[PDB]
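Everything on this sheet refers to the single structure shown next.
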Amino acid sequence: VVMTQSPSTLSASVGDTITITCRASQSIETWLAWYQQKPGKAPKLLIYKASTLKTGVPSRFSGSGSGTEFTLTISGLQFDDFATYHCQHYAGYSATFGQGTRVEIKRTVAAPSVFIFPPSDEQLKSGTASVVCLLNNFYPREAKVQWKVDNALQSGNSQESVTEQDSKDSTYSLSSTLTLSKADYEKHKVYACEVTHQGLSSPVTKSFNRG
Amino acid sequence: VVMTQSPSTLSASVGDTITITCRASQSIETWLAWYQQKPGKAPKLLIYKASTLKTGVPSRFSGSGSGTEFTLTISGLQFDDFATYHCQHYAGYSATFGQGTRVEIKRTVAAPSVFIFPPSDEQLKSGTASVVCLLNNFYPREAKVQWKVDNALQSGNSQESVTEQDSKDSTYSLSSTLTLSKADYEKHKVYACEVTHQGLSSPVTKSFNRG
Amino acid sequence: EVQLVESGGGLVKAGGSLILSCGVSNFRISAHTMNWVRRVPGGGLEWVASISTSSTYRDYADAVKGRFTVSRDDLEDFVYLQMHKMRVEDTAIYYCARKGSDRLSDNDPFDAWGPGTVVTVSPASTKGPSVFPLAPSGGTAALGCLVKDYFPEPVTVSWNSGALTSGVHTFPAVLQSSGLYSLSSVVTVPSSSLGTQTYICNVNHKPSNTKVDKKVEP
Amino acid sequence: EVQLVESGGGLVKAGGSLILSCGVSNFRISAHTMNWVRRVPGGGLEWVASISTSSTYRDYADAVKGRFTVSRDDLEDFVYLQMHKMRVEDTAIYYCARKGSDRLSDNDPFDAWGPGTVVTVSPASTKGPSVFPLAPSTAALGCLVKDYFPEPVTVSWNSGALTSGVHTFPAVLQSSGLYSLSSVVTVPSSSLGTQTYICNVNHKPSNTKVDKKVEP
Ligand SMILES: OC[C@H]1O[C@H](O[C@@H]2[C@@H](O[C@@H]3[C@@H](O[C@@H]4[C@H](O)[C@H](O)O[C@H](CO)[C@H]4O)O[C@H](CO)[C@@H](O)[C@@H]3O)O[C@H](CO)[C@@H](O)[C@@H]2O)[C@@H](O)[C@@H](O)[C@@H]1O
Ligand SMILES: OC[C@H]1O[C@H](O[C@@H]2[C@@H](O[C@@H]3[C@@H](O[C@@H]4[C@H](O)[C@H](O)O[C@H](CO)[C@H]4O)O[C@H](CO)[C@@H](O)[C@@H]3O)O[C@H](CO)[C@@H](O)[C@@H]2O)[C@@H](O)[C@@H](O)[C@@H]1O
């Protein structure tokens with residue numbers, strides 16, 4: 001049994017009415033639950049048996065469907081409702097989830113401002129080089145960051161984190177850190193960060209030469 | 001119930017006959033077991049019910065005693081018998097052990113040869129300084145190593161390990177590593193290892209100046 | 001031959017938690033009282049915990065009472081040791097031992113031991129961060145602070161003691177392979193102010209009460 | 001009201017093991033089927049494991065069957081998850097959750113969850129040592145074999161030619177989680193200008209061989 005949510009990201013505004021669809025690869029009758037999850041918190045049960053609202057859950061949430069097609073509807077989206085929603089087929093001794101639908105605040109596409117920072121000499125003295133790439137205030141959330149060291153595409157030596165949707169302008173920001181030993185860092189010259197995003201006509205590359 | 005073994009270390013020669021005593025703080029009848037343990041290995045049950053040899057144990061091991069006083073005897077100490085021995089009071093749902101007796105090969109007191117090694121430049125490029133102190137071929141096993149950096153006694157930044165008793169000369173050796181950042185290492189000049197040991201009339205200091 | 005195998009040892013920071021497990025080979029635990037014993041760096045053995053058949057009785061050494069829990073799984077032959085609020089003196093090799101003999105009686109010795117697993121508890125429950133400058137387009141320049149190698153979360157970052165808040169992004173921390181957290185905090189400013197305006201990031205790590213002010217110049 | 005709390009998360013290297021535990025407050029687990037679920041970095045939830053009342057049935061996701069084991073302790077209200085031979089894609093937040101309802105039925109949803117515990121799996125299952133010389137000022141010289149994982153490391157001197165006077169010390173585990181040892185040898189000082197000294201370090205877990213000559 002495979003559960004598929006639609007869409008993967010749902011953009012909307014406060015006061016809207018929105019619908020998330022969950023499709024089961026085969027009939028699951030009404031053995032379906034909807035959960036809400038806020039970042040860093042535990043999931044909360046919203047709806048079970050396809051349409052039974054859990055006690056305490058506001059009446060703007062509504063579940064419907066049966067068989068292979070199910071819908072969660074929020075009528076009068078409030079700010080507290082922006083979060084990820086999960087559908088779940090649950091059986092006696094197993095369960096399967098959808099991939100989750102993130103409900104975010106709608107706005108217009110915005111390309112990021114990209115900046116690159118070489119490692120500080122203070123940190124280089126310590127034997128570690130952290131190269132940082134900043135993608136500032138972009139929308140939507142999907143972005144691709146590639147590290148190239150002397151044009152060699154890098155993998156496995158970088159980590160990134162993304163901010164929550166900004167309260168003022170509804171954009172996201174991303175930080176990517178490439179970490180190398182001082183030796184490895186000084187074995188190369190050109191350090192570059194290549195950013196792909198919907199709001200850009202072509203990928204943007206920011207680079208620097210060690211020196 | 002508190003169990004006390006005596007002695008803590010027993011020095012002997014191959015072919016000797018030795019006795020280790022175990023005292024109980026109160027009468028435990030014959031509810032006592034003796035275990036053998038080699039370094040890095042699991043304890044092995046030798047004797048239980050104070051005097052019953054476990055199947056597979058050589059007949060040179062023998063247990064005796066009852067109440068509060070117990071003895072383990074090895075008649076014809078062989079090389080494989082040099083190890084730690086643990087007594088244990090065992091009850092239905094609890095147990096308590098003595099502190100252990102290390103049976104080692106006896107020899108004459110020998111002071112250590114002391115050597116100090118500054119960090120290699122190759123490691124210094126990595127941002128880490130390891131200063132190493134070696135105490136070579138001493139007896140008995142107990143030794144004290146203190147690090148002094150510009151006469152400031154160090155604590156918490158060193159680790160040491162001790163070799164097993166040497167097969168040829170029955171001495172021990174000890175290695176102590178002081179680890180510092182490159183920054184902290186280059187902020188001081190005099191590095192000193194101070195060794196206290198029975199075979200020395202006074203503590204010995206070996207030093208070097210960064211340079 | 002009867003075998004036992006521990007699993008789950010490693011490096012823990014003081015105050016943390018770790019759970020050990022023990023599997024067996026060539027016997028069932030159901031008829032055996034199972035035990036946890038530890039060898040301390042001093043070389044002696046300490047009885048840690050005992051769990052009787054059917055989990056009827058669970059006994060603990062005084063040094064670990066209230067912090068450790070022993071559990072058993074007879075259907076799959078597993079023993080568990082939960083260790084919470086760990087102290088430096090919990091550093092030891094941990095063995096699971098079977099109470100048994102050729103014929104089972106009401107009080108048998110520990111006749112089978114696992115090889116042991118090393119558990120080391122470091123005294124440093126917290127570690128303070130290093131702060132490096134992310135030093136400085138058209139009118140907009142970006143600068144920031146890399147707050148690296150701290151533990152645990154969280155760290156707070158402000159710019160100019162709170163004066164500069166617009167355009168500030170403090171990113172979710174990231175957990176490195178060293179077991180230490182790292183994050184960055186950035187701000188975008190008019191580039192024409194890089195030679196007249198001072199920029200200082202104020203990093204506060206309350207778990208270690210560490211405050212660091214770092215000036216970020218080009 | 002009803003509470004669950006996980007314990008035991010942390011940083012593990014690929015191929016290693018970690019055991020999680022779950023305690024509860026204000027209910028007993030005996031009547032509840034208990035479950036482990038994980039949230040992956042991508043953001044979705046994955047069912048991991050399920051253990052029925054009396055441990056009659058134990059069910060696992062295909063991705064973890066054969067590597068994970070779930071256990072329960074009804075008398076003290078604990079659930080356990082053993083994770084062995086861990087892979088990078090096991091990185092996730094792990095929650096324990098009970099199946100339950102106002103009236104217990106044969107198929108209830110997950111009505112109570114713990115807050116989750118973070119489990120991170122590093123890609124590097126082994127790491128090879130760095131070898132530095134302990135250069136002489138009877139003289140002593142040696143090799144510092146630092147920052148490898150896991151045990152063991154083997155050291156010989158001159159491929160076995162030099163065995164007398166050699167002390168290879170038990171490794172030490174550093175606060176970084178990586179092992180370090182030293183190997184030393186004492187030689188006549190009058191031989192420092194004619195005899196070559198090379199330590200041969202062999203780390204079989206990473207198939208690493210390193211020869212380092214130690215000059216004054
Ligand atoms: O840790 C002790 C023992 O445990 C394992 O062996 C088990 C052990 O069970 C005990 C047994 O006690 C009996 C009851 O009191 C009964 O009323 O009377 C008889 C006769 O005196 C007692 O033997 O059973 C109870 C549960 O009823 C249990 O709590 C006890 O621990 O002993 C029996 C054999 O005596 C054995 O079959 C069990 O498996 C095992 O680790 C052993 O080596 C330990 O010594
Ligand atoms: O995971 C499902 C459920 O588990 C918890 O509740 C338990 C559950 O037990 C079920 C029950 O099955 C019945 C018996 O086999 C009986 O003989 O026949 C009827 C025929 O319909 C079965 O329903 O008992 C067995 C054990 O023998 C067990 O395997 C089943 O899962 O359900 C009962 C109530 O139905 C409950 O009392 C049990 O505690 C709990 O987490 C619940 O929320 C879950 O949905």
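Naming scheme: A, B, ... for chains in displayed order of the structure tokens; residues 1 onward per chain; ligands 1 onward as shown.
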
Show me, as a list in words, the residues that have an atom within 10 Å of residue 36 in chain A when counting only C-alpha atoms, minus same-chain residues fewer than 6 positions from it.
residues 42, 43, 44, 45, 46, 47, 81, 82, 83, 84, 85, 86, 87, 100, 101 and 102 of chain A

Take the residues just selected and output them with N, CA and C atoms as a compact mmCIF listing (two decimals), in the first residue's frame.
```txt
# COMPACT_ATOMS: atom_id res chain seq x y z
N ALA A 42 6.21 17.27 17.97
CA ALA A 42 5.66 15.96 17.67
C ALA A 42 4.39 16.10 16.83
N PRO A 43 4.07 15.09 16.01
CA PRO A 43 2.80 15.13 15.26
C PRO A 43 1.60 15.07 16.20
N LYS A 44 0.53 15.75 15.80
CA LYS A 44 -0.73 15.77 16.54
C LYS A 44 -1.80 15.12 15.68
N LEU A 45 -2.58 14.23 16.28
CA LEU A 45 -3.68 13.58 15.57
C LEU A 45 -4.81 14.57 15.35
N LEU A 46 -5.19 14.77 14.09
CA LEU A 46 -6.31 15.64 13.75
C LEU A 46 -7.57 14.85 13.42
N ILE A 47 -7.46 13.90 12.51
CA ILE A 47 -8.64 13.20 12.00
C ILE A 47 -8.30 11.72 11.90
N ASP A 81 -2.25 27.47 11.38
CA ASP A 81 -2.44 26.29 10.56
C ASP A 81 -1.32 26.06 9.56
N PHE A 82 -0.37 26.98 9.43
CA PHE A 82 0.75 26.80 8.51
C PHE A 82 1.73 25.80 9.11
N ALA A 83 1.94 24.68 8.42
CA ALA A 83 2.64 23.53 9.00
C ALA A 83 2.66 22.38 8.01
N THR A 84 3.17 21.21 8.40
CA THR A 84 3.11 20.04 7.53
C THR A 84 1.96 19.13 7.97
N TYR A 85 1.26 18.57 6.99
CA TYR A 85 0.15 17.66 7.24
C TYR A 85 0.47 16.31 6.63
N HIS A 86 0.23 15.24 7.39
CA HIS A 86 0.57 13.88 7.01
C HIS A 86 -0.69 13.03 6.96
N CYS A 87 -0.90 12.30 5.87
CA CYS A 87 -1.91 11.26 5.86
C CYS A 87 -1.27 9.92 6.18
N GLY A 100 3.91 13.87 3.12
CA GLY A 100 3.71 15.14 3.80
C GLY A 100 3.41 16.26 2.83
N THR A 101 2.56 17.18 3.26
CA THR A 101 2.22 18.39 2.51
C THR A 101 2.52 19.59 3.39
N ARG A 102 3.44 20.43 2.95
CA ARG A 102 3.78 21.63 3.71
C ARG A 102 2.89 22.77 3.24
```

Quick one: everything within 10 Å of residue 50 in chain D, counting only C-alpha atoms, minus sequence neighbours fewer than 6 positions away in the same chain. Send it as an MDAnalysis selection string.
(chainID A and resid 92:95) or (chainID D and resid 33:37 57:61 69:71 96:99)

For chain D versus ligand 2, which residues have an atom no more than 6 Å away, and what is each residue's nearest atom pair and distance in Å rounded to one decimal, using only C-alpha atoms and all ligand atoms, chain-then-number order, as a tab-separated table?
```
residue	atom	partner	partner_atom_place_in_ligand_line	distance
D:31	CA	ligand 2	39 (O)	3.8
D:32	CA	ligand 2	41 (O)	3.2
D:33	CA	ligand 2	41 (O)	3.8
D:52	CA	ligand 2	1 (O)	5.7
D:99	CA	ligand 2	41 (O)	4.2
D:100	CA	ligand 2	43 (O)	3.3
D:101	CA	ligand 2	43 (O)	5.8
D:104	CA	ligand 2	43 (O)	4.5
D:105	CA	ligand 2	35 (O)	4.2
D:106	CA	ligand 2	35 (O)	4.1
D:107	CA	ligand 2	45 (O)	3.5
D:108	CA	ligand 2	45 (O)	3.8
```

Throw together the list of residues within 10 Å of ligand 1, counting only C-alpha atoms and all ligand atoms, and drop it here as a ChimeraX atom specification.
/B:90-94 /C:29-35,50-57,97-111

Dump as a compact mmCIF listing (two decimals), in the first residue's frame, selection limited to N, CA, C and O atoms:
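That gives us selection-v5.txt:
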```txt
# COMPACT_ATOMS: atom_id res chain seq x y z
N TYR B 90 27.61 -13.97 46.00
CA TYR B 90 26.43 -13.99 45.15
C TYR B 90 25.22 -14.45 45.96
O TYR B 90 25.30 -15.46 46.68
N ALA B 91 24.14 -13.69 45.88
CA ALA B 91 22.84 -14.02 46.45
C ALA B 91 21.84 -14.16 45.31
O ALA B 91 22.16 -13.98 44.14
N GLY B 92 20.59 -14.49 45.68
CA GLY B 92 19.59 -14.80 44.67
C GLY B 92 19.43 -13.73 43.62
O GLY B 92 19.36 -14.03 42.42
N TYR B 93 19.38 -12.46 44.04
CA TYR B 93 19.07 -11.38 43.11
C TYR B 93 20.02 -10.20 43.30
O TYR B 93 19.67 -9.06 42.99
N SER B 94 21.22 -10.47 43.79
CA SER B 94 22.23 -9.43 43.94
C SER B 94 23.58 -10.10 44.11
O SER B 94 23.69 -11.32 44.29
N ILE C 29 17.29 -17.21 27.69
CA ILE C 29 17.45 -16.50 28.95
C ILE C 29 16.30 -16.73 29.92
O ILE C 29 16.43 -16.41 31.11
N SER C 30 15.19 -17.31 29.45
CA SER C 30 13.96 -17.33 30.24
C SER C 30 14.17 -17.93 31.63
O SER C 30 13.61 -17.44 32.61
N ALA C 31 14.97 -18.99 31.73
CA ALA C 31 15.20 -19.64 33.01
C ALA C 31 16.31 -18.99 33.83
O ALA C 31 16.56 -19.44 34.95
N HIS C 32 16.99 -17.96 33.32
CA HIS C 32 18.15 -17.40 33.98
C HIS C 32 17.89 -15.99 34.49
O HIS C 32 17.38 -15.13 33.75
N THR C 33 18.26 -15.75 35.75
CA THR C 33 18.44 -14.38 36.23
C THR C 33 19.61 -13.75 35.48
O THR C 33 20.69 -14.34 35.39
N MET C 34 19.38 -12.57 34.91
CA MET C 34 20.40 -11.90 34.10
C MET C 34 20.94 -10.68 34.83
O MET C 34 20.23 -10.03 35.60
N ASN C 35 22.22 -10.38 34.59
CA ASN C 35 22.92 -9.36 35.37
C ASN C 35 23.75 -8.45 34.48
O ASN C 35 24.20 -8.84 33.40
N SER C 50 20.48 -6.58 38.41
CA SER C 50 20.01 -7.95 38.32
C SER C 50 18.52 -7.94 38.01
O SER C 50 17.77 -7.14 38.58
N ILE C 51 18.10 -8.82 37.10
CA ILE C 51 16.69 -8.99 36.79
C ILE C 51 16.37 -10.48 36.79
O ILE C 51 16.98 -11.26 36.03
N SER C 52 15.45 -10.89 37.66
CA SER C 52 15.11 -12.29 37.85
C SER C 52 14.26 -12.81 36.68
O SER C 52 13.85 -12.06 35.79
N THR C 53 14.00 -14.11 36.70
CA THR C 53 13.09 -14.69 35.73
C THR C 53 11.72 -14.03 35.85
O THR C 53 11.29 -13.65 36.94
N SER C 54 11.05 -13.85 34.70
CA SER C 54 9.74 -13.21 34.63
C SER C 54 9.76 -11.75 35.11
O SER C 54 8.70 -11.17 35.37
N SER C 55 10.94 -11.15 35.25
CA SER C 55 11.09 -9.77 35.74
C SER C 55 10.46 -9.58 37.11
O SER C 55 10.09 -8.46 37.49
N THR C 56 10.35 -10.67 37.89
CA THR C 56 9.71 -10.59 39.20
C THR C 56 10.48 -9.67 40.14
O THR C 56 9.88 -8.86 40.86
N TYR C 57 11.81 -9.78 40.16
CA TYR C 57 12.65 -8.93 41.00
C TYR C 57 13.68 -8.20 40.15
O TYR C 57 14.30 -8.79 39.26
N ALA C 97 25.96 -10.81 32.25
CA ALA C 97 26.35 -12.08 32.82
C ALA C 97 25.12 -12.90 33.16
O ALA C 97 24.11 -12.37 33.64
N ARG C 98 25.23 -14.20 32.94
CA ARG C 98 24.16 -15.12 33.24
C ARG C 98 24.43 -15.72 34.61
O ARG C 98 25.55 -16.14 34.90
N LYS C 99 23.40 -15.75 35.45
CA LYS C 99 23.41 -16.53 36.68
C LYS C 99 22.96 -17.94 36.31
O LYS C 99 21.83 -18.13 35.86
N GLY C 100 23.85 -18.92 36.48
CA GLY C 100 23.51 -20.27 36.08
C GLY C 100 24.60 -21.25 36.45
O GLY C 100 25.65 -20.88 36.98
N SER C 101 24.33 -22.52 36.16
CA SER C 101 25.24 -23.63 36.43
C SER C 101 24.74 -24.82 35.61
O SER C 101 23.72 -24.73 34.91
N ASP C 102 25.48 -25.93 35.69
CA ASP C 102 25.07 -27.15 35.00
C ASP C 102 23.66 -27.57 35.41
O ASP C 102 22.85 -27.94 34.56
N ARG C 103 23.35 -27.50 36.70
CA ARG C 103 22.01 -27.71 37.20
C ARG C 103 21.57 -26.44 37.91
O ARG C 103 22.29 -25.92 38.76
N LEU C 104 20.40 -25.92 37.54
CA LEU C 104 19.93 -24.66 38.09
C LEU C 104 19.44 -24.85 39.52
O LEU C 104 18.63 -25.74 39.80
N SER C 105 19.95 -24.01 40.42
CA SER C 105 19.54 -23.95 41.81
C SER C 105 19.03 -22.55 42.11
O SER C 105 18.99 -21.68 41.24
N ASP C 106 18.65 -22.33 43.37
CA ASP C 106 18.16 -21.02 43.79
C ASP C 106 19.25 -19.97 43.92
O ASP C 106 18.93 -18.79 44.07
N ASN C 107 20.54 -20.35 43.88
CA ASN C 107 21.62 -19.36 44.00
C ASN C 107 22.88 -19.92 43.33
O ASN C 107 23.66 -20.65 43.94
N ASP C 108 23.07 -19.56 42.06
CA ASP C 108 24.21 -19.97 41.25
C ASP C 108 25.14 -18.79 40.96
O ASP C 108 24.73 -17.62 41.07
N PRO C 109 26.40 -19.05 40.62
CA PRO C 109 27.33 -17.97 40.28
C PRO C 109 27.11 -17.51 38.83
O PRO C 109 26.27 -18.04 38.11
N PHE C 110 27.90 -16.52 38.42
CA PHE C 110 27.82 -15.98 37.06
C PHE C 110 28.69 -16.85 36.16
O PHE C 110 29.91 -16.66 36.07
N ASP C 111 28.07 -17.81 35.47
CA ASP C 111 28.83 -18.80 34.72
C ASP C 111 29.06 -18.45 33.26
O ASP C 111 29.82 -19.15 32.59
```

Distance criterion (only C-alpha atoms): nearest to chain A out of C:45, C:86, C:187, C:5:
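Nearest candidate to chain A out of C:45, C:86, C:187, C:5: C:187.
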
With only C-alpha atoms as the counted atoms, please give the residues lying no more than 7 Å from residue 150 in chain A, apart from itself and same-chain residues fewer than 5 positions off, as an MDAnalysis selection string.
chainID A and resid 188:191

Taking only C-alpha atoms into account, find every residue of chain D that has an atom no more than 6 Å from chain B, and write it out as a PDB file with C-alpha atoms, in the first residue's frame.
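Written output follows (part15.pdb):
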```pdb
ATOM      1  CA  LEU D 134      58.407  10.945  18.137  1.00  0.00           C
ATOM      2  CA  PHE D 169      51.021   0.899  24.074  1.00  0.00           C
ATOM      3  CA  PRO D 170      47.317   0.197  24.532  1.00  0.00           C
TER       4      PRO D 170
END
```

Report as a ChimeraX atom specification the set of chain C residues whose atoms approach chain A to within 12 Å, with distances computed over only C-alpha atoms.
/C:130-149,166-177,181-188,216-218

Near residue 41 in chain A, within 10 Å and counting only C-alpha atoms, which residues show up once chain neighbours fewer than 6 positions away are dropped, as a PyMOL selection string?
chain D and resi 113-116

May I have the selected residues written with N, CA and C atoms, as a compact mmCIF listing (two decimals), in the first residue's frame?
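Output below, filename out_8.txt:
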```txt
# COMPACT_ATOMS: atom_id res chain seq x y z
N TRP D 113 2.08 10.71 21.03
CA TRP D 113 3.45 10.67 20.55
C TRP D 113 4.38 11.29 21.58
N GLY D 114 5.61 10.78 21.65
CA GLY D 114 6.66 11.47 22.35
C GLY D 114 7.23 12.61 21.52
N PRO D 115 8.09 13.43 22.15
CA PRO D 115 8.64 14.59 21.43
C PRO D 115 9.70 14.22 20.40
N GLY D 116 10.26 13.02 20.46
CA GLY D 116 11.25 12.60 19.49
C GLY D 116 12.67 12.76 20.01
```

Given a cut-off of 8 Å, which residues of chain B touch chain A, counting only C-alpha atoms, written out as a PyMOL selection string?
chain B and resi 125-128+181-183

Written selection (N, CA and C atoms) as a PDB file, in the first residue's frame:
```pdb
ATOM      1  N   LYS B 125      51.072  21.655  11.917  1.00  0.00           N
ATOM      2  CA  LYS B 125      50.329  22.247  10.809  1.00  0.00           C
ATOM      3  C   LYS B 125      48.843  21.921  10.884  1.00  0.00           C
ATOM      4  N   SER B 126      48.486  20.771  11.457  1.00  0.00           N
ATOM      5  CA  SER B 126      47.081  20.402  11.572  1.00  0.00           C
ATOM      6  C   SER B 126      46.348  21.188  12.651  1.00  0.00           C
ATOM      7  N   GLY B 127      47.052  21.986  13.446  1.00  0.00           N
ATOM      8  CA  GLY B 127      46.428  22.734  14.517  1.00  0.00           C
ATOM      9  C   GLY B 127      46.374  22.027  15.853  1.00  0.00           C
ATOM     10  N   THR B 128      47.065  20.900  16.004  1.00  0.00           N
ATOM     11  CA  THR B 128      47.053  20.125  17.235  1.00  0.00           C
ATOM     12  C   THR B 128      48.483  19.836  17.664  1.00  0.00           C
ATOM     13  N   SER B 181      45.694  22.691  21.699  1.00  0.00           N
ATOM     14  CA  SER B 181      45.554  23.366  20.423  1.00  0.00           C
ATOM     15  C   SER B 181      46.884  23.992  20.016  1.00  0.00           C
ATOM     16  N   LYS B 182      47.038  24.212  18.709  1.00  0.00           N
ATOM     17  CA  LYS B 182      48.226  24.896  18.213  1.00  0.00           C
ATOM     18  C   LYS B 182      48.382  26.266  18.866  1.00  0.00           C
ATOM     19  N   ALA B 183      47.270  26.988  19.033  1.00  0.00           N
ATOM     20  CA  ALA B 183      47.307  28.303  19.668  1.00  0.00           C
ATOM     21  C   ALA B 183      47.861  28.222  21.087  1.00  0.00           C
TER      22      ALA B 183
END
```

May I have the residues within 9 Å of range 183-196 of chain D as a compact mmCIF listing (two decimals) with N, CA and C atoms, in the first residue's frame, using only C-alpha atoms and disregarding those fewer than 4 positions away in the same chain?
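Result file result_26.txt:
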```
# COMPACT_ATOMS: atom_id res chain seq x y z
N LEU B 134 57.31 9.36 27.99
CA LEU B 134 57.52 7.92 28.07
C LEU B 134 58.26 7.58 29.35
N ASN B 136 59.93 4.28 30.75
CA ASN B 136 60.36 3.04 30.13
C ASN B 136 60.92 2.09 31.18
N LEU D 134 57.89 10.56 16.83
CA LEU D 134 58.41 10.95 18.14
C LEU D 134 59.93 10.90 18.01
N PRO D 136 63.96 11.40 18.47
CA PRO D 136 64.89 11.40 19.60
C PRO D 136 65.58 12.75 19.78
N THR D 138 71.70 5.78 25.78
CA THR D 138 70.45 5.20 25.29
C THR D 138 69.47 6.30 24.90
N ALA D 139 68.92 6.20 23.69
CA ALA D 139 67.91 7.12 23.20
C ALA D 139 66.61 6.39 22.91
N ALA D 140 65.51 7.13 22.96
CA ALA D 140 64.19 6.60 22.65
C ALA D 140 63.59 7.36 21.48
N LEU D 141 62.94 6.62 20.58
CA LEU D 141 62.19 7.24 19.49
C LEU D 141 60.89 6.47 19.32
N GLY D 142 59.98 7.00 18.51
CA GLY D 142 58.71 6.33 18.37
C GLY D 142 57.83 6.93 17.31
N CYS D 143 56.57 6.49 17.33
CA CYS D 143 55.54 6.89 16.40
C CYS D 143 54.25 7.12 17.17
N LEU D 144 53.61 8.26 16.91
CA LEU D 144 52.31 8.60 17.46
C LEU D 144 51.26 8.30 16.39
N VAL D 145 50.40 7.32 16.66
CA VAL D 145 49.38 6.86 15.72
C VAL D 145 48.05 7.41 16.22
N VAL D 155 51.45 -2.32 14.87
CA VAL D 155 52.68 -1.59 14.62
C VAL D 155 53.85 -2.56 14.66
N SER D 156 54.71 -2.48 13.66
CA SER D 156 55.98 -3.19 13.66
C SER D 156 57.08 -2.17 13.39
N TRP D 157 58.32 -2.53 13.69
CA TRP D 157 59.45 -1.64 13.43
C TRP D 157 60.40 -2.31 12.45
N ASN D 158 60.67 -1.62 11.34
CA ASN D 158 61.53 -2.13 10.27
C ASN D 158 61.01 -3.46 9.73
N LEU D 162 63.37 -4.96 13.81
CA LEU D 162 63.59 -4.41 15.14
C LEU D 162 62.43 -4.83 16.04
N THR D 163 62.69 -5.78 16.93
CA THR D 163 61.70 -6.23 17.90
C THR D 163 62.13 -6.04 19.34
N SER D 164 63.43 -6.09 19.62
CA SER D 164 63.92 -5.91 20.97
C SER D 164 63.80 -4.44 21.38
N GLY D 165 63.26 -4.20 22.57
CA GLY D 165 63.10 -2.85 23.08
C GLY D 165 61.87 -2.11 22.61
N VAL D 166 60.96 -2.78 21.93
CA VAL D 166 59.77 -2.14 21.36
C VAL D 166 58.62 -2.23 22.36
N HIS D 167 57.97 -1.09 22.61
CA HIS D 167 56.77 -1.03 23.43
C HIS D 167 55.68 -0.36 22.60
N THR D 168 54.63 -1.11 22.27
CA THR D 168 53.45 -0.57 21.62
C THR D 168 52.34 -0.50 22.66
N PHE D 169 51.87 0.68 22.92
CA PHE D 169 51.02 0.90 24.07
C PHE D 169 49.56 0.64 23.74
N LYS D 213 59.48 6.88 8.61
CA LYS D 213 60.84 6.90 9.12
C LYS D 213 60.99 8.01 10.15
N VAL D 214 61.73 7.72 11.21
CA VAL D 214 61.88 8.63 12.34
C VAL D 214 63.34 9.08 12.37
N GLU D 215 63.59 10.32 11.93
CA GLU D 215 64.95 10.84 12.00
C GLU D 215 65.10 11.80 13.17
N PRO D 216 66.33 11.97 13.69
CA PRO D 216 66.61 12.89 14.81
C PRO D 216 66.27 14.35 14.51
```

DSSP-assigned strand (DSSP E or B) among range 37-151 of chain A, expressed as a PyMOL selection string:
chain A and resi 37+44-48+52-53+61-66+69-75+83-91+94-97+101-105+110+113-117+128-139+144-149

Please give the complete set of residues from range 16-190 of chain B that DSSP, run on the backbone, assigns to helix (DSSP H, G or I), formatted as a CSV table (one decimal) with C-alpha atoms, in the first residue's frame.
```csv
chain,number,residue,atom,x,y,z
B,79,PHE,CA,52.7,-18.3,33.3
B,80,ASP,CA,49.1,-18.5,32.1
B,81,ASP,CA,47.9,-17.8,35.7
B,121,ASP,CA,55.8,20.1,12.9
B,122,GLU,CA,53.7,17.9,10.6
B,123,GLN,CA,51.1,17.6,13.3
B,124,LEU,CA,51.5,21.3,14.3
B,125,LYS,CA,50.3,22.2,10.8
B,182,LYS,CA,48.2,24.9,18.2
B,183,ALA,CA,47.3,28.3,19.7
B,184,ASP,CA,47.7,27.3,23.3
B,185,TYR,CA,50.8,25.3,22.5
B,186,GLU,CA,52.4,28.4,20.9
```

Could you give me, as JSON lines, every chain D residue with an atom at most 6 Å from chain C, plus its closest atom pair and distance in Å to one decimal, counting only C-alpha atoms, rows ordered by chain then number?
```
{"residue": "D:8", "atom": "CA", "partner": "C:18", "partner_atom": "CA", "distance": 5.2}
{"residue": "D:17", "atom": "CA", "partner": "C:8", "partner_atom": "CA", "distance": 5.8}
{"residue": "D:18", "atom": "CA", "partner": "C:8", "partner_atom": "CA", "distance": 5.4}
{"residue": "D:19", "atom": "CA", "partner": "C:19", "partner_atom": "CA", "distance": 5.6}
```

Near-residue 25 in chain C list (8 Å; only C-alpha atoms; drop same-chain fewer than 4 positions) as a ChimeraX atom specification:
/C:2-4

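Taking only C-alpha atoms, the non-local environment of residue 108 in chain A within 12 Å (same-chain residues fewer than 4 positions away omitted) comprises residues 11, 12, 137, 138, 139, 140, 141, 169, 170, 171, 198 and 199 of chain A.
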
Between CA of residue 67 in chain D and CA of residue 85 in chain D, what is the distance in Å, rounded to a tenth?
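Going from CA of residue 67 in chain D over to CA of residue 85 in chain D covers 6.2 Å.
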